[PDB]
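Protein sequence lines correspond, in order, to chains A and B.
Numbering of the first sequence is given in the authors' numbering, commencing with residue 715 and proceeding in unit increments.
Numbering of the second sequence is given in the authors' numbering, commencing with residue 31 and proceeding in unit increments.
The beta-carbon is built from N, C-alpha and C at its ideal position, and this holds for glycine as well.
Presented below is the structure to which this report refers.
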Amino acid sequence: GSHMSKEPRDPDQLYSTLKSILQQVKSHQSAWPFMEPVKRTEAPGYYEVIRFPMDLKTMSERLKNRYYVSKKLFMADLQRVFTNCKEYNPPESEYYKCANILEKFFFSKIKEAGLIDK
Amino acid sequence: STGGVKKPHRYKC
């Protein structure tokens, strides 16, 4: 009895829905530490500290393959870049805040795209 | 305005 929700849900609507969110959160001025995965060593102990180092390119990687059959994949992973940025990095560095920040802009993008739901 | 390094942090030495 409802039809006002914009939640994509489908793997295709999401794929490219998210393809836009991602594209945005990634195009975000706070997305450069996540725009692409670090050198694995750019970040000292990165893979050690970061049990799951995800990025916007890695995000988009999945995206590309339409992997995001759920905004949660998309949420978790993009959230995996912010959180990993929030995990390892210090809220003093450029990236950490850029994580919270992005995570915020991104939040407006997912929200907008009927994403966020978890 | 594009950082190249990963501002080596210290969260889990």
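Starting from the C-beta of A:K823, find all residues in its chain whose C-beta is less than 8 Å away, skip the five residues before and the five after it, and write them out in chain order.
-> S734, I735, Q738, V739, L829
Do A:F788 and A:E817 have their CB atoms nearer than 8 Å?
-> no
Note the first and the last residue of the continuous alpha helix (DSSP H) segment covering A:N798.
-> 785-801
Closest by C-alpha distance to A:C799, when choosing among A:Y761, A:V783, A:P725, A:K785 | A:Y761
Which residue's Cα is closest to the Cα of A:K832: A:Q727, A:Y809, A:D791?
-> A:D791
Could you have a look at A:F819 and say whether DSSP puts it in helix, strand or coil?
-> helix
For the alpha helix (DSSP H) holding A:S741, just list the boundary residues, first then last.
-> 725-741
Which bits of chain B does A:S807 rub up against, with CB to CB less than 8 Å?
-> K37, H39
Cross-chain neighbours of A:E756 in chain B, by beta carbon under 7 Å | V35, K36
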